[PDB]
Amino acid sequence: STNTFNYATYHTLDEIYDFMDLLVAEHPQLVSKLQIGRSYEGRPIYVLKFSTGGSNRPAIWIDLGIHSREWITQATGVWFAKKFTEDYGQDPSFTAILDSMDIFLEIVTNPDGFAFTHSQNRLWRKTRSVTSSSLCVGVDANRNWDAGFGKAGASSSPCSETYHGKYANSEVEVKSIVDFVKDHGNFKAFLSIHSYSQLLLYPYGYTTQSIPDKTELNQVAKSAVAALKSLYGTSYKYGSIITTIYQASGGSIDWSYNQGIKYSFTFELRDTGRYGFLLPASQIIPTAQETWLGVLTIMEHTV
Ligand SMILES: *C[C@@H](S)[C@@H](Cc1ccccc1)C(=O)O
Ligand SMILES: [Zn+2]
């Protein structure tokens, strides 16, 4: 069950998918499992919907694991899912959020890559799509969105870690999210979770032009990182993608913001590089706990 599940260790794809089924079986009035598409290699793409009712309620989108090697993210996603079910009806703030809004949580955004990180290559980043006339495999799913697509901050070389693919939304893992969000039409926040570097980022990555909502999103980010830091003292930087990490084109929050989702943010979780992608399992729970405070802060600003 989700009550015997080990949240302090890293899991396989099957173990995470099983966890989703267990949570839905335990909490049928709160959680459902949606299939929004299939991966390149034919694995189901699953989103957990947390809802207390309504129809087409204003919604929060949260994705994790778009880059498969960032294992702290899928682990944090599993912890978030359980936390939502524990805190609804107990924590006043979270109860108010789910009474007014739905949350859509995609724990494993790139399942083919995730499987590959367990079976073959722990540091795999990209999708696993077959590239025509190339010896190389996969597209950087966070360079594949229709926001400055193909511009500086991505690569047209198929063997590159930041290969953007042949056209925006070429990757089914990306197109599935685009279709879901656009069909829904009532998303108010769009949060993408990566590691590492301890950053909270808002648009843009493709241009140095400041967003028209800069003052507000900057203050929201500042508040979220202060809430995060309050727990264990973990220090985050915050700012636009281009000023705070690097220029990057075709990134998901640049797309979501341009579509009209104002509260569009990307987290870069622990650490800053000491252990990097190989962050130990002993840091899963404290990372998830502090990150939750940051995410909840953003949700509070959205509601
Ligand atoms: C965490 C890195 S892997 C991430 C930084 C980024 C880029 C574009 C938009 C948001 C965040 C990346 O390079 O995709
Ligand atoms: Zn990443």
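Each ligand, and each atom within it, is numbered from 1 in the order the structure gives. Counting from 1, the numbers follow the sequence of the chain as shown.
- Within ligand 1, the atoms closer than 4.0 Å to a non-hydrogen atom of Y246 are 2 (C), 3 (S), 4 (C), 5 (C), 12 (C), 13 (O), numbered from 1 in the order shown.
- Between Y202 and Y238, a ring centre-to-centre spacing not shorter than 6.0 Å is recorded.
- For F277 and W124, the distance between ring centers is not under 6.0 angstrom.
- Residue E268 does not count as close to the Zn ion (ligand 2), with no N, O or S atom under 2.8 Å.
- Looking only at protein heavy atoms, the nearest one to atom 1 (C) of ligand 1 is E268 OE2, 1.6 Å.
- For ligand 1, one of its N or O atoms has an N or O atom of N142 under 3.5 Å away.
- Near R125, meaning under 4.0 Å from one of its heavy atoms, ligand 1 places the atoms 3 (S), 12 (C), 13 (O), 14 (O).
- With respect to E161 and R69, a salt bridge is recorded, a charged nitrogen being found less than 4.0 Å from a carboxylate O.
- Listed by number with element, the atoms of ligand 1 under 4.0 angstrom from any heavy atom of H67 are 3 (S), 12 (C), 14 (O).
- Per-residue contacts place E70 under 4.0 angstrom from the following atoms of ligand 1 (heavy atoms of the residue considered): 3 (S).
- Close approach of ligand 1 to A248 is summarised as follows: ligand atoms under 4.0 Å from at least one heavy atom of the residue are 7 (C), 8 (C).
- A salt bridge is defined here as a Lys NZ or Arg NE, NH1 or NH2 lying under 4.0 Å from an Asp or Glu carboxylate O, and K229 with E290 fails to meet this definition.
- Atom 11 (C) of ligand 1 has as its closest protein heavy atom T266 CG2, 3.7 Å.
- For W71 and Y10, the ring centers are positioned less than 6.0 Å apart.
- Around atom CD of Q35, more than 12 heavy atoms belonging to other residues, nucleotides or ligands sit under 6.0 Å away.
- Aromatic ring centroids of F19 and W79 lie 6.0 Å or more apart.
- Rounding to 10°, one obtains 100° for the angle at the Zn ion (ligand 2) between ND1 (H194) and ND1 (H67).
- In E70, the N, O or S atom that comes nearest to the Zn ion (ligand 2) is OE2.
- Residues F5 and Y7 bring their aromatic ring centres within 6.0 Å.
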